[PDB]
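One structure is given below, encoded as C-alpha cells.
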Amino acid sequence: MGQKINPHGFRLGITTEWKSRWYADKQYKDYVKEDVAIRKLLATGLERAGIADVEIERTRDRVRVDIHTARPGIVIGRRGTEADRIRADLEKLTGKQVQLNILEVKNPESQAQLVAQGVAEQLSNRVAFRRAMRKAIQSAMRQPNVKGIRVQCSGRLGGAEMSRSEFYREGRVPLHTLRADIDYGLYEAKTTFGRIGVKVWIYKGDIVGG
Amino acid sequence: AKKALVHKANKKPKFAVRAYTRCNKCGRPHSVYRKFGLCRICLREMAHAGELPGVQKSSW
Amino acid sequence: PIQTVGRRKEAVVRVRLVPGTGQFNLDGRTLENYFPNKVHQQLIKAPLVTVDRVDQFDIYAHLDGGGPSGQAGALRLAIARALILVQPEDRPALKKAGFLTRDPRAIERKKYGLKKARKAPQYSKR
Amino acid sequence: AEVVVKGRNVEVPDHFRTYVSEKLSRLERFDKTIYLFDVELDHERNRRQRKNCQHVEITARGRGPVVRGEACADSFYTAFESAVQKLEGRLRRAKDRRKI
Amino acid sequence: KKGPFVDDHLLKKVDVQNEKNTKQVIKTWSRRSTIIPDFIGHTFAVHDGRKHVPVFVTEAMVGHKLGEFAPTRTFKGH
Amino acid sequence: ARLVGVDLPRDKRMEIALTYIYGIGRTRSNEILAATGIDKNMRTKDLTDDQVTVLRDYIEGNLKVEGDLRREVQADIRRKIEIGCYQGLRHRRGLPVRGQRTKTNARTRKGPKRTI
Amino acid sequence: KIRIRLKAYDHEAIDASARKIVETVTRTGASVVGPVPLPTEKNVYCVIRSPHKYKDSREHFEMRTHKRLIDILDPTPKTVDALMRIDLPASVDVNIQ
Amino acid sequence: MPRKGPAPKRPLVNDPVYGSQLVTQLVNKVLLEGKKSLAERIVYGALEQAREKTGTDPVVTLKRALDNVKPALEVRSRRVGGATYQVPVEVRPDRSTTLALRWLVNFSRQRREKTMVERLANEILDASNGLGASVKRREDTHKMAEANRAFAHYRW
RNA sequence: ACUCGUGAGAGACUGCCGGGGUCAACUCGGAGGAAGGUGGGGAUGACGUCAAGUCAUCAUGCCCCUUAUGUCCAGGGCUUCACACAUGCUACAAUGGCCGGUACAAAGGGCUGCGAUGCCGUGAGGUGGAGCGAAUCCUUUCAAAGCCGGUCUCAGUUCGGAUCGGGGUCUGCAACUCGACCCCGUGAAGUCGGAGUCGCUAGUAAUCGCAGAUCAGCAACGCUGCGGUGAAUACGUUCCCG
C-alpha cells in the first residue's frame with residue numbers, strides 16, 4: 001500500500017551506521033547465528049528494562065555486546081546480580097566470553113525506538129490512543145531537538161473490529177531526502193483484542209556531518 | 001517451520017543427502033542462502049535493520 | 001613521446017606519437033589483418049583523413065577489452081586525441097566534423113522483472 | 001467453445017458447473033466469434049461476522065482479441081448472471097460498429 | 001558399473017530362501033534392485049505403499065529394478 | 001547404386017549415401033569410409049562395384065543393418081512389453097517411456113489430437 | 001618480508017587503519033610500501049521482497065569487500081611488536097603473509 | 001519522442017567501397033539482425049554481380065533502380081465516420097527512399113535465386129530495367145493513390 | 001613512462017554570446033568543452049485505493065485436536081493424462097548446414113573447495129596431484145557469433161532434432177516409479193504459421209556466448225547479472241488505450 005522502505009535500511013550506507021560490526025570469511029554464518037540468539041536473549045528482560053539499541057562489536061572471538069537503553073538501574077540492578085546474570089547467560093549460550101557494555105541515552109524521548117516503546121506500552125495499558133499519540137509527540141518535538149514526527153497506529157484501535165490506521169505528525173519529516181538523520185522505530189502493542197503496531201519517525205536534522 | 005522439523009534438520013542425519021539448510025532465524029525450508037544461513041525474508045528484514053555486517057541495498 | 005588512451009564501450013586502446021612513412025602496429029599484427037571488415041578500416045583512419053596526414057604518421061598501439069568494433073571506435077578516439085597532441089590548430093577541425101567526442105553509449109543495466117533491459121515479458125490479459 | 005473453470009479459493013459445486021455452462025452458453029448462442037473462456041471464482045468477505053463477497057472474473061478470447069470482465073456480488077449466481085448481461089451487450093457492440 | 005546395488009536385507013533373506021530350497025511369498029519393501037540372477041523363481045510381494053503385489057521372477061527380469069513390476073499409479077480417464 | 005538393401009540415390013556423397021541405411025548415420029559413415037578407404041567425396045554415379053564389394057562385406061561383417069536392427073529393436077520392445085515392466089505399461093498405453101511430462105506435452109506419442 | 005593484506009567493509013576505517021599501520025611502521029622506521037588498493041569483491045543477492053506471490057518487484061542487496069595492501073620489507077621485532085599490540089577499528093581483518 | 005515534436009536523427013556515414021549514403025542505407029536495411037558484416041558481404045557481392053551484368057558503375061545502376069521503385073504518393077488510413085478512407089498523401093524524400101530500399105530488399109527476399117547475393121543482384125537489375133515485382137508494387141501503390149484521389153482533400 | 005587497480009579532487013551551473021520574451025520566469029541557435037541544458041542508468045514509491053496478497057517466513061487474537069489434526073520410519077505421491085490455456089526454448093534452412101585454420105571480451109566463482117602438466121579412453125570421464133583461502137593458483141593463456149578456406153545445390157534434404165533401441169560415465173546408502181551427461185544407431189512433426197496479439201525509440205531492438213546464486217547430483221531452455229556484434233523508424237495527434 002504505502003511501499004515505504006525502512007529508512008534505517010535506506011540510509012544504512014550513508015548516515016546511519018550498522019548495528020553489528022566485524023569481518024568474517026567462512027565464519028559468517030556462525031556469527032549470524034550467534035547474533036540472532038543474542039538478540040532473542042536480549043529481547044525479554046531488556047524489553048522490560050527499556051532497551052533501544054543492541055550493538056555487537058566482535059573482535060578476535062571475544063565478543064563485545066553493547067546496549068543503549070533509557071535506565072541504567074533496571075538493566076544494572078544490584079551490580080553483577082542483574083548485569084552478570086544476563087551477561088553470564090550470554091557467556092554460556094554463545095561459546096564465547098562476553099564484555100557487556102551498558103549505556104544511557106541522554107534523552108529517551110529523542111529515540112524513535114523508545115518512543116515506540118512508551119507509546120505501545122501505553123496502548124496495551126487501555127489508555128486512549130489519540131491521547132497517547134499526542135502525549136508522545138509535542139513533548140518529543142521540544143525535548144532535545146527534532147524536526148520530524150510521524151506516528152502511525154494500525155490494528156484494532158480501541159478494541160474495534162475495523163483495523164483503522166492513524167496518522168499524526170508535526171513539522172518536517174522528509175523520507176526521500178537521504179541527508180535526513182531520521183530515526184525510525186516500530187514496536188507492537190499487545191492488547192487482549194490483538195496487536196497495535198506503532199511506527200514512529202523522528203527527524204532530528206539536516207546535518208550530514210560527513 | 002514446525003519445531004519437530006526445525007529441530008530435526010539440526011540433528012545428524014542417517015545419510016549425508018538428508019542434511020539440508022533450513023534458515024536459522026525462522027525455520028523456512030525453501031529459499032535459504034548459504035553465506036548468511038538466512039532465508040530471503042530474514043535476510044531482507046535483518047539487512048534492513050543493519051544487523052548483518054555490510055550487506056546493504058544495491059544500485060549500480 | 002605523445003601517447004594516449006581511447007575509451008569505447010568496454011574496450012580501451014593505448015597509442016603513441018611517431019613520425020614515419022606508413023605503418024600500423026596493433027598487438028603484433030597489421031591493420032589489414034587485425035580488422036578484416038574494411039569498414040572499421042575507415043572508422044579508424046577517418047581522423048587521419050580529416051587532418052590529412054594519413055601517410056605522414058606511423059605509430060604502434062596496444063589495446064584491451066571490448067570486441068572488434070569497440071576496439072575500432074576506441075582507436076578512432078585515440079588517433080583523434082593524439083592529433084590534438086600533435087598540433088592544437090588541428091583541434092578545431094577535428095571537433096567540427098564529429099570527432100574528439102567519445103560516445104558514452106554503453107550497454108545499460110538489465111532490470112528485474114524484464115527479459116532484457118527495456119523488454120517486458122509479453123503479457124496477455126484475458 | 002472451450003470452457004475452463006477454475007476456483008479461486010472455493011469449492012466448485014455441480015450447480016456452479018451447470019449454471020456456468022448455461023449463462024456463458026448464452027454467449028455461444030449469438031456470438032459465433034468465440035474461442036476460449038476462462039472463469040475464476042474468488043471468495044472473500046467471508047470470516048468477519050459479515051457476508052461473503054464473491055468475485056467472478058471471466059476471460060474470453062473471441063475470434064480475435066481478448067476481452068476481460070470482472071464482477072463482485074453477495075452471491076455467485078446473481079454475479080454470473082450480471083456478468084453475462086454485460087458481455088452480451090459488449091460483444092454485439094464489437095459486433096456493432098462498422099458497417100460502412 | 002563399479003558395483004550394482006544389492007538390497008542387503010533382501011540379500012540376506014534371499015540366500016536363506018534358496019539354501020533351504022524353500023519358496024515363500026515375500027512381503028518386500030524393496031523397490032530398488034533385482035541384483036543377482038540368484039533371485040530367479042522367488043515370488044516377491046512388491047510394496048507400492050498400499051498393498052503387496054506378487055511378482056514371479058524369471059530369467060528376463062535381470063536388469064530391471066524390482067519395484068516396477070508393480071505400478072504405483074492408477075489411471076482410466078472416464 | 002545398390003548395397004546392403006538400400007537403393008542409393010543418383011548424386012549423393014558417400015558419407016551421406018551410407019547414411020540412408022537403417023544402421024548407419026554420419027559417424028558410422030566417417031568411420032566406415034576411413035576403415036575401408038573409399039573417398040567420402042565420391043558421388044554415387046562414380047561408385048565402383050568392387051567398392052560395393054569391399055564396403056558391403058565390411059558393413060555386413062562388422063556391423064548390423066536393416067533386418068537385424070528392425071527385428072532386434074522390435075524384439076526388445078516386445079521383450080519389455082511381455083514381461084510386465086512399467087516401461088512395458090508405457091508402451092502398452094501409448095505414453096512416453098522415459099517418465100517425462102505427460103500433462104501438457106508428449107504429443108508425439110499420443111499422436112494426432114482428439115479434443116473433448 | 002612481512003606482507004600485510006587487510007580487508008574490511010568501510011573504506012574510511014580501512015584508510016585510517018592503513019594510516020595507523022603506515023604511521024606505526026614509519027614511526028618505528030623501516031622500508032614500507034604505501035597503501036595499495038586491491039579492488040573489491042561484491043556479493044549481489046537478489047531477494048524476492050514478498051512473503052507471498054510476487055516474483056517480479058525484487059530488491060537486491062550487495063556486499064562490498066574492500067581490500068587494502070601494505071607490504072613490509074626488512075622486519076625488526078620492535079616494529080613487529082606494534083603489529084600485534086594495537087588494532088583500533090576491529091572491523092578490519094588483517095592477513096599476515 | 002513523438003508527441004513532443006520532431007526528434008533528432010542519427011547521422012549516417014557513407015560507404016567505404018562505393019562512397020554513397022544510399023549504399024550504406026541499403027546495407028542497414030539488408031541487415032537481418034546481428035550480422036552487419038555479413039550484410040556488407042551481401043550488398044557488396046550483389047553490387048559486383050551488378051557490375052558484372054552491367055559493366056558500369058554499380059551505384060548508378062543502384063540509384064536508377066532506386067529511382068524506378070521510388071514512390072511519390074502513399075495511401076492511408078483516416079476513417080471519417082464509419083467508413084475507412086484510403087487517403088493519398090505526398091511522400092517526403094526520406095520516406096520515399098525508405099520505401100524504395102525496403103521494398104527492394106523485401107521483394108528481393110521473396111525472389112527465388114539460390115543465395116541472397118544472386119537475389120539482390122537480380123532485383124537491382126530487374127528494378128533498373130523496370131521488371132521486378134517491386135516496380136509492380138510501386139505501380140500498385142500509385143494505383144491505390146490515383147484510384148483514391150478524391151478523399152485526399154481533408155488536407156491531412 | 002603508458003594503462004589499470006582504489007583514494008582524494010576539478011568539471012555542467014542556462015555559466016559565457018545572439019534572438020524571442022511584460023526586460024519575468026523560460027524557450028530557438030552559437031562557442032568553449034570529454035560531456036549541454038533533469039549527459040546515461042540506477043537506488044529512492046507521497047496521502048490513500050483494491051476488505052488485493054500472505055495466520056505456510058515470522059509474530060499473533062479467538063476457535064478447534066491432545067490418544068491425536070502431535071511425533072518417528074519404510075515405501076509411494078507432489079513428475080499421473082482424452083484434454084484446454086500460459087510463459088519460454090529449438091526449429092522450418094544457403095545471411096544456412098558440416099570439416100579445417102585463425103582473432104578479439106567483460107564480469108564473476110573456489111576448503112574437506114577450484115583442481116593444472118602428464119598418462120588411459122572416441123567421449124562423457126578415470127588415474128594423479130602442481131598450485132592456490134587466491135589482481136598471483138585454478139576456472140585453460142579464457143569465450144561464441146567474426147574472419148579465411150573447402151564441401152553441400154534448394155531437396156522433407158548433409159534442414160530439423162523429437163521419439164525409440166543398444167552401449168556407457170559420474171553423483172549419491174540408493175538413479176524402477178523419477179537424475180544429468182557421453183557414444184552408436186533411429187530420424188517424427190515442421191515449407192514462417194487463421195481471428196487476433198505482444199515487445200521495443202539507442203549501444204535500444206535483434207542475435208552471440210560467459211558467470212553466478214540455490215546445489216552431492218540435476219529437470220536451468222528458468223532466474224539474476226556480464227560483456228560481443230549491432231539496426232530500422234518517429235510525417236504527426238484525426239483514431240484505439242491509460
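Ordered as shown in the C-alpha cells, chains take letters A, B, and onward, while each chain numbers its residues from 1 and ligands are numbered from 1 in the order shown.
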
Taking the DSSP assignment computed from this structure's backbone, write out as a ChimeraX atom specification all residues of range 11-111 of chain C that belong to strand (DSSP E).
-> /C:12-16,24-25,59-64

Distance cut-off 9 Å, counting only C-alpha atoms - which residues of chain A neighbour chain G? Return them as a PDB file with N, CA and C atoms, in the first residue's frame.
```pdb
ATOM      1  N   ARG A  21      29.144  -5.138  13.768  1.00  0.00           N
ATOM      2  CA  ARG A  21      30.364  -4.730  13.086  1.00  0.00           C
ATOM      3  C   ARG A  21      31.492  -5.730  13.335  1.00  0.00           C
ATOM      4  N   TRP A  22      31.926  -6.392  12.261  1.00  0.00           N
ATOM      5  CA  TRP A  22      33.089  -7.269  12.269  1.00  0.00           C
ATOM      6  C   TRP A  22      33.547  -7.501  10.840  1.00  0.00           C
ATOM      7  N   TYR A  23      34.465  -8.450  10.690  1.00  0.00           N
ATOM      8  CA  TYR A  23      34.827  -9.014   9.400  1.00  0.00           C
ATOM      9  C   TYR A  23      34.788 -10.525   9.543  1.00  0.00           C
ATOM     10  N   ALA A  24      34.257 -11.212   8.534  1.00  0.00           N
ATOM     11  CA  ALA A  24      34.120 -12.661   8.622  1.00  0.00           C
ATOM     12  C   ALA A  24      34.155 -13.277   7.234  1.00  0.00           C
ATOM     13  N   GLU A  57      29.867  -5.433  18.575  1.00  0.00           N
ATOM     14  CA  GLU A  57      31.206  -5.428  18.013  1.00  0.00           C
ATOM     15  C   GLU A  57      31.768  -6.816  18.272  1.00  0.00           C
ATOM     16  N   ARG A  58      32.611  -7.315  17.379  1.00  0.00           N
ATOM     17  CA  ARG A  58      33.174  -8.645  17.554  1.00  0.00           C
ATOM     18  C   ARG A  58      34.631  -8.664  17.118  1.00  0.00           C
ATOM     19  N   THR A  59      35.518  -8.757  18.105  1.00  0.00           N
ATOM     20  CA  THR A  59      36.963  -8.775  17.938  1.00  0.00           C
ATOM     21  C   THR A  59      37.361 -10.243  17.779  1.00  0.00           C
ATOM     22  N   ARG A  60      38.631 -10.602  17.998  1.00  0.00           N
ATOM     23  CA  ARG A  60      39.101 -11.972  17.767  1.00  0.00           C
ATOM     24  C   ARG A  60      38.469 -12.898  18.806  1.00  0.00           C
TER      25      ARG A  60
END
```

Close residues, residue 16 in chain B itself excluded, 10 Å, only C-alpha atoms (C1' of nucleotides), min 6 positions apart in chain, as a ChimeraX atom specification | /I:172-173,216

CA of residue 166 in chain A to CA of residue 198 in chain A, distance in Å rounded to a single decimal | 9.6 Å

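The neighbours of residue 98 in chain D here are the residues that come within 12 Å of it, using only C-alpha atoms (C1' of nucleotides) and leaving out any residue fewer than 6 positions away in the same chain; they are residues 92 of chain D; 79, 80, 81, 82, 83 and 84 of chain H.
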
Prev. selection, N, CA and C atoms, output as an mmCIF file, in the first residue's frame:
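The result, stored in selection_39.cif:
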```cif
data_model
loop_
_atom_site.group_PDB
_atom_site.id
_atom_site.type_symbol
_atom_site.label_atom_id
_atom_site.label_comp_id
_atom_site.auth_asym_id
_atom_site.auth_seq_id
_atom_site.Cartn_x
_atom_site.Cartn_y
_atom_site.Cartn_z
ATOM 1 N N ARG D 92 -21.968 -7.651 -29.118
ATOM 2 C CA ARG D 92 -22.760 -7.144 -30.232
ATOM 3 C C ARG D 92 -22.330 -5.731 -30.617
ATOM 4 N N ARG H 79 -10.269 7.046 -40.946
ATOM 5 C CA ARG H 79 -11.662 6.634 -41.086
ATOM 6 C C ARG H 79 -12.609 7.715 -40.576
ATOM 7 N N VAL H 80 -13.041 8.591 -41.478
ATOM 8 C CA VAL H 80 -14.063 9.580 -41.158
ATOM 9 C C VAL H 80 -15.416 8.889 -41.138
ATOM 10 N N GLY H 81 -16.004 8.791 -39.943
ATOM 11 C CA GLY H 81 -17.388 8.406 -39.749
ATOM 12 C C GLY H 81 -17.842 7.080 -40.323
ATOM 13 N N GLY H 82 -17.381 5.970 -39.761
ATOM 14 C CA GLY H 82 -17.963 4.679 -40.104
ATOM 15 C C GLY H 82 -17.633 4.149 -41.482
ATOM 16 N N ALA H 83 -16.646 4.739 -42.147
ATOM 17 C CA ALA H 83 -16.136 4.229 -43.409
ATOM 18 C C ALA H 83 -14.636 4.480 -43.469
ATOM 19 N N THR H 84 -13.898 3.457 -43.883
ATOM 20 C CA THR H 84 -12.446 3.510 -43.951
ATOM 21 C C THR H 84 -12.040 4.141 -45.273
#
```

Could you check how far CA of residue 81 in chain A sits from CA of residue 41 in chain A, in Å to one decimal?
->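 Computing it gives 16.7 Å between the two atoms.
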
I need the contact residues of chain C against chain B, so if you could list those with any atom within 12 Å, counting only C-alpha atoms, and return them as a short mmCIF file (atom, residue, chain, number, x, y, z; two decimals) with N, CA and C atoms, in the first residue's frame, that would help.
```
data_model
loop_
_atom_site.label_atom_id
_atom_site.label_comp_id
_atom_site.auth_asym_id
_atom_site.auth_seq_id
_atom_site.Cartn_x
_atom_site.Cartn_y
_atom_site.Cartn_z
N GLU C 108 23.21 -0.87 -21.08
CA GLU C 108 22.60 -0.44 -19.83
C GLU C 108 22.21 -1.64 -18.98
N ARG C 109 21.88 -1.35 -17.72
CA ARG C 109 21.64 -2.40 -16.75
C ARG C 109 20.34 -3.12 -17.05
N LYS C 110 20.38 -4.45 -16.98
CA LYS C 110 19.15 -5.23 -17.00
C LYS C 110 18.31 -4.87 -15.78
N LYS C 111 17.00 -4.86 -15.95
CA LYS C 111 16.09 -4.51 -14.88
C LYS C 111 15.32 -5.75 -14.45
#
```

Every residue of range 6-178 of chain A that DSSP places in helix (DSSP H, G or I), as a compact mmCIF listing (two decimals) with N, CA and C atoms, in the first residue's frame:
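What ended up in states14.txt:
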```
# COMPACT_ATOMS: atom_id res chain seq x y z
N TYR A 28 31.00 -16.60 8.93
CA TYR A 28 29.96 -15.58 8.89
C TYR A 28 28.62 -16.15 9.31
N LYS A 29 28.30 -17.36 8.85
CA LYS A 29 27.03 -17.99 9.20
C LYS A 29 26.95 -18.30 10.69
N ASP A 30 28.09 -18.63 11.30
CA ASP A 30 28.14 -18.83 12.74
C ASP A 30 27.97 -17.51 13.48
N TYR A 31 28.61 -16.44 12.99
CA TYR A 31 28.45 -15.14 13.64
C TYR A 31 27.03 -14.61 13.49
N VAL A 32 26.37 -14.93 12.38
CA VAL A 32 24.96 -14.59 12.22
C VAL A 32 24.11 -15.33 13.24
N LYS A 33 24.34 -16.65 13.38
CA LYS A 33 23.55 -17.46 14.31
C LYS A 33 23.71 -17.00 15.75
N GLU A 34 24.94 -16.68 16.15
CA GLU A 34 25.17 -16.15 17.49
C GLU A 34 24.54 -14.77 17.66
N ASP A 35 24.57 -13.94 16.61
CA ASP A 35 23.96 -12.60 16.67
C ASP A 35 22.45 -12.70 16.88
N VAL A 36 21.81 -13.67 16.22
CA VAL A 36 20.37 -13.86 16.34
C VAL A 36 20.00 -14.33 17.74
N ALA A 37 20.69 -15.36 18.23
CA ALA A 37 20.34 -15.90 19.54
C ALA A 37 20.67 -14.92 20.67
N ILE A 38 21.67 -14.05 20.46
CA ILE A 38 21.93 -12.98 21.42
C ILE A 38 20.79 -11.97 21.44
N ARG A 39 20.28 -11.57 20.26
CA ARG A 39 19.21 -10.57 20.26
C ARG A 39 17.89 -11.14 20.78
N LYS A 40 17.63 -12.44 20.55
CA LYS A 40 16.50 -13.08 21.22
C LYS A 40 16.70 -13.15 22.73
N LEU A 41 17.94 -13.36 23.17
CA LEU A 41 18.20 -13.42 24.60
C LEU A 41 18.13 -12.04 25.24
N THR A 44 13.74 -10.04 25.99
CA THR A 44 12.68 -10.11 27.00
C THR A 44 12.94 -9.19 28.20
N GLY A 45 14.02 -9.46 28.94
CA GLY A 45 14.26 -8.71 30.17
C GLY A 45 14.65 -7.27 29.89
N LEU A 46 15.32 -7.05 28.77
CA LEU A 46 15.65 -5.68 28.39
C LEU A 46 14.45 -4.96 27.79
N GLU A 47 13.48 -5.70 27.23
CA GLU A 47 12.28 -5.01 26.75
C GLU A 47 11.39 -4.65 27.94
N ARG A 48 11.54 -5.37 29.05
CA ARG A 48 11.04 -4.83 30.31
C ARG A 48 11.83 -3.60 30.72
N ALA A 49 13.15 -3.62 30.48
CA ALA A 49 14.02 -2.59 31.03
C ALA A 49 13.92 -1.27 30.28
N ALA A 83 23.24 -7.52 36.02
CA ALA A 83 24.14 -7.45 34.88
C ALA A 83 24.82 -8.78 34.57
N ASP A 84 25.41 -9.43 35.57
CA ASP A 84 26.26 -10.59 35.30
C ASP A 84 25.43 -11.86 35.15
N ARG A 85 24.12 -11.77 35.38
CA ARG A 85 23.26 -12.93 35.13
C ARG A 85 22.97 -13.05 33.64
N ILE A 86 22.47 -11.97 33.03
CA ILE A 86 22.24 -11.97 31.60
C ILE A 86 23.57 -11.99 30.86
N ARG A 87 24.60 -11.35 31.42
CA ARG A 87 25.95 -11.44 30.86
C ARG A 87 26.48 -12.86 30.89
N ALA A 88 26.29 -13.56 32.01
CA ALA A 88 26.79 -14.93 32.13
C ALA A 88 25.99 -15.88 31.25
N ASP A 89 24.69 -15.62 31.07
CA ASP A 89 23.89 -16.47 30.20
C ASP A 89 24.25 -16.21 28.74
N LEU A 90 24.67 -14.99 28.43
CA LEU A 90 25.26 -14.72 27.12
C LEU A 90 26.60 -15.42 26.97
N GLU A 91 27.33 -15.60 28.08
CA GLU A 91 28.60 -16.32 28.01
C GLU A 91 28.38 -17.82 27.84
N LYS A 92 27.22 -18.33 28.27
CA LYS A 92 27.00 -19.77 28.19
C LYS A 92 26.28 -20.16 26.90
N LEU A 93 25.32 -19.34 26.47
CA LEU A 93 24.59 -19.62 25.24
C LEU A 93 25.49 -19.52 24.02
N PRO A 108 15.47 9.88 26.38
CA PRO A 108 14.69 8.72 25.93
C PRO A 108 13.59 9.11 24.96
N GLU A 109 13.07 10.33 25.11
CA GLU A 109 12.00 10.82 24.24
C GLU A 109 12.56 11.31 22.91
N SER A 110 13.86 11.11 22.71
CA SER A 110 14.52 11.53 21.48
C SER A 110 14.64 10.38 20.49
N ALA A 112 13.48 7.11 18.42
CA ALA A 112 12.25 6.64 17.82
C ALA A 112 11.87 5.25 18.32
N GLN A 113 12.87 4.44 18.64
CA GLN A 113 12.60 3.12 19.19
C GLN A 113 11.99 3.22 20.58
N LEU A 114 12.50 4.15 21.40
CA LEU A 114 11.98 4.29 22.76
C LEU A 114 10.64 5.00 22.78
N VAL A 115 10.40 5.90 21.81
CA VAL A 115 9.07 6.48 21.66
C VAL A 115 8.07 5.41 21.28
N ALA A 116 8.46 4.50 20.38
CA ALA A 116 7.60 3.38 20.05
C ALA A 116 7.39 2.44 21.24
N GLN A 117 8.42 2.30 22.10
CA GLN A 117 8.28 1.54 23.34
C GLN A 117 7.22 2.15 24.25
N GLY A 118 7.37 3.44 24.57
CA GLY A 118 6.45 4.07 25.51
C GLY A 118 5.04 4.19 24.97
N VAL A 119 4.91 4.45 23.67
CA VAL A 119 3.59 4.53 23.05
C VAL A 119 2.90 3.18 23.08
N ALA A 120 3.57 2.13 22.59
CA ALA A 120 2.91 0.82 22.51
C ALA A 120 2.65 0.22 23.89
N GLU A 121 3.53 0.50 24.85
CA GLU A 121 3.30 0.01 26.20
C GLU A 121 2.18 0.79 26.89
N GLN A 122 1.97 2.05 26.50
CA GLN A 122 0.75 2.72 26.94
C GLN A 122 -0.48 2.13 26.25
N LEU A 123 -0.35 1.74 24.98
CA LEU A 123 -1.52 1.31 24.21
C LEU A 123 -1.97 -0.09 24.61
N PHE A 129 -5.99 6.10 22.61
CA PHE A 129 -4.89 6.01 21.66
C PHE A 129 -4.57 7.35 21.02
N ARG A 130 -5.58 8.18 20.78
CA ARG A 130 -5.33 9.52 20.27
C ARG A 130 -4.70 10.39 21.35
N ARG A 131 -5.05 10.12 22.60
CA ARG A 131 -4.42 10.79 23.73
C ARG A 131 -2.97 10.34 23.90
N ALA A 132 -2.71 9.07 23.61
CA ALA A 132 -1.37 8.52 23.71
C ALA A 132 -0.45 9.10 22.64
N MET A 133 -0.94 9.13 21.41
CA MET A 133 -0.16 9.66 20.29
C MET A 133 0.22 11.12 20.52
N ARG A 134 -0.73 11.89 21.06
CA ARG A 134 -0.49 13.30 21.33
C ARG A 134 0.50 13.49 22.47
N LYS A 135 0.46 12.58 23.44
CA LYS A 135 1.36 12.63 24.59
C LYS A 135 2.81 12.43 24.16
N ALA A 136 3.06 11.36 23.42
CA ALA A 136 4.40 11.05 22.94
C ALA A 136 4.97 12.20 22.12
N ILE A 137 4.12 12.82 21.31
CA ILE A 137 4.54 13.94 20.47
C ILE A 137 4.62 15.23 21.28
N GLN A 138 4.49 16.36 20.59
CA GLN A 138 4.55 17.67 21.25
C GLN A 138 5.71 17.74 22.23
N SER A 139 5.71 16.83 23.21
CA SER A 139 6.76 16.79 24.22
C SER A 139 8.08 16.34 23.61
N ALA A 140 8.00 15.49 22.59
CA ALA A 140 9.19 14.98 21.92
C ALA A 140 9.82 16.04 21.03
N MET A 141 8.98 16.82 20.36
CA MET A 141 9.45 17.87 19.47
C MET A 141 10.38 18.83 20.20
N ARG A 142 10.04 19.16 21.44
CA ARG A 142 10.85 20.07 22.25
C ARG A 142 12.00 19.33 22.91
N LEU A 157 -7.74 -0.61 17.06
CA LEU A 157 -7.64 0.58 17.91
C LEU A 157 -8.90 0.69 18.76
N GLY A 158 -8.72 0.71 20.07
CA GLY A 158 -9.84 0.79 20.98
C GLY A 158 -10.64 -0.48 21.10
N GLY A 159 -10.16 -1.59 20.53
CA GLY A 159 -10.88 -2.83 20.53
C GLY A 159 -11.93 -2.96 19.45
```

Hey, what's within 8 Å of residue 5 in chain C if we count only C-alpha atoms (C1' of nucleotides) and toss same-chain stuff fewer than 2 positions away? As a list in words, please?
->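 Here the answer would be residues 3, 7, 12, 13, 14, 15, 77 and 78 of chain C.
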
If you keep C-alpha atoms, can you produce a file of those selected residues as a short mmCIF file (atom, residue, chain, number, x, y, z; two decimals), in the first residue's frame?
```cif
data_model
loop_
_atom_site.label_atom_id
_atom_site.label_comp_id
_atom_site.auth_asym_id
_atom_site.auth_seq_id
_atom_site.Cartn_x
_atom_site.Cartn_y
_atom_site.Cartn_z
CA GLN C 3 50.76 8.60 -26.05
CA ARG C 7 37.83 4.50 -24.41
CA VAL C 12 40.37 0.69 -24.29
CA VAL C 13 43.37 1.41 -26.51
CA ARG C 14 46.78 2.99 -25.94
CA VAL C 15 48.72 4.67 -28.75
CA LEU C 77 39.29 8.20 -30.41
CA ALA C 78 42.94 7.66 -29.58
#
```

Neighbours of range 65-77 of chain I within 12 Å (only C-alpha atoms (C1' of nucleotides); same-chain residues fewer than 4 positions away dropped), as JSON, numbers by chain?
-> {"B": [2, 3, 4, 5, 8, 14], "E": [27, 28, 29, 30, 31, 32, 46, 47, 48, 49, 50, 51, 52, 67, 68, 70, 71, 72, 73, 74], "I": [177, 178]}

Shell of 7 Å around residue 54 in chain E, only C-alpha atoms (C1' of nucleotides), local chain residues under 4 positions omitted, as a ChimeraX atom specification | /E:43-46

Output C-alpha atoms for every residue in the selection just made, as a short mmCIF file (atom, residue, chain, number, x, y, z; two decimals), in the first residue's frame.
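New file again-v2.cif:
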```
data_model
loop_
_atom_site.label_atom_id
_atom_site.label_comp_id
_atom_site.auth_asym_id
_atom_site.auth_seq_id
_atom_site.Cartn_x
_atom_site.Cartn_y
_atom_site.Cartn_z
CA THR E 43 7.93 -64.70 -5.51
CA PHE E 44 8.24 -61.08 -4.41
CA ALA E 45 5.39 -59.22 -2.75
CA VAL E 46 6.29 -55.78 -4.07
#
```
